[PDB]
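Structure first, commentary second.
Just so it is clear, none of the values below were taken in a lab; they were calculated from the coordinates. Because the Cβ atoms are built from the backbone with ideal geometry, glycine has one as well, and the counts that use them run over all protein chains shown.
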Number of protein chains: 2
Amino acid sequence: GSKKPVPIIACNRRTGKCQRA
Amino acid sequence: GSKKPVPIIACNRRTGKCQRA
């Protein structure tokens, strides 16, 4: 999670964290 | 878009699609 290459975010199966694209 | 290995979904940067984990 640093820049916003896309509007819609996306989460992942780790510990509860998402990001852009 | 077939199996849900995780509750929180994630939208990829393509054309407006998401998935689980």
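So here's what we get for this one:
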| item | result |
| --- | --- |
| A:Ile9 versus B:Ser2: modelled label distance in nm, points set 7 Å from Cα along the beta carbon direction | 3.0 |
| Global form of the protein assembly as shown, assessed from the alpha-carbon gyration tensor, a/c cut-off 1.5 | oblate |
